[PDB]
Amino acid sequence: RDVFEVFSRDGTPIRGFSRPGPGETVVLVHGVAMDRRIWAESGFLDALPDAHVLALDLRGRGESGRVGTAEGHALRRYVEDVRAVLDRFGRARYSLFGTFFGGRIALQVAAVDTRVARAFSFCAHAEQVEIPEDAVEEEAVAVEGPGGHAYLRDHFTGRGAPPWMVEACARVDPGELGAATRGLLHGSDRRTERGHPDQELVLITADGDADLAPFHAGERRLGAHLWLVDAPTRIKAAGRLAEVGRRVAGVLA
């Protein structure tokens, strides 16, 4: 692997690694309480032996620049972070894969960037959502205080999340966990659109998902394909991420 640095529209440095390969160029986008290490720890990276893999730390996470404001964590800023990575490696065609809110980010990048030939959203759909202001603020307070890492650790452990997902929360600054949570009130509630007719859009979730409705809505509205994994919940579906990587490798082949 080589490391890289790019700059987002608002000047935030975005750091990541590039794993060279002769195949498709794949850009991986992690979730809120994660960083770029989850791709190797989940086994997703090893499931793609031929791809040229680009994995970034989103703003405020890992080795990327700190933010510390709610508006600095607006969805549009994450989109700009990812598009800056697409610029650095100069390809005309990219395949994006994102986990949880990283899936929402990947879908929105696909909507605005004609260089995205494929977008895969793992355990997130593309539809408009209602975000309760009070509950999200409550959650921001819980995750940003001294007990925030334990709060997330206990929540994810209790819901059967994989160990790498539990452990990743403690590597995110508490202040950025709070700011990213509040950032969801700045645009993340809108649906995503199809970027161009030839795009391959894929949604993935647990076959036991208690709310599959919006995933089917994405099939109808965007012409997206729906992949299911054997799990009772979205969090437990994260235990299937390496398996999903193998299926992604099949598409890329």
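Numbering starts at 1 and follows the sequence shown.
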Taking only the CA atoms, which stretch has the higher mean B-factor in the record, 204-212 or 52-60?
204-212
Averaging C-alpha B-factors over each stretch, which comes out higher, 213-221 or 43-51?
43-51
Using the entry's values, work out which of 156, 122, 94, 78 has the largest Cα B factor.
156
Per the coordinate record, which of the options 85, 142, 165, 110 holds the highest CA temperature factor?
142
Third of the chain's Cα B-factor distribution that residue 182 belongs to, per the entry:
middle
Report the third (lowest, middle or highest) to which the CA temperature factor of residue 127 belongs, ranking only the modelled residues of the same chain.
middle
Residue 237: C-alpha B-factor third of its chain, per the entry, is the middle
Relative to the other modelled residues in the chain, which third contains the C-alpha temperature factor of residue 30: lowest, middle or highest?
lowest
Within this chain, which third does the Cα B-factor at residue 36 fall in: lowest, middle or highest?
lowest
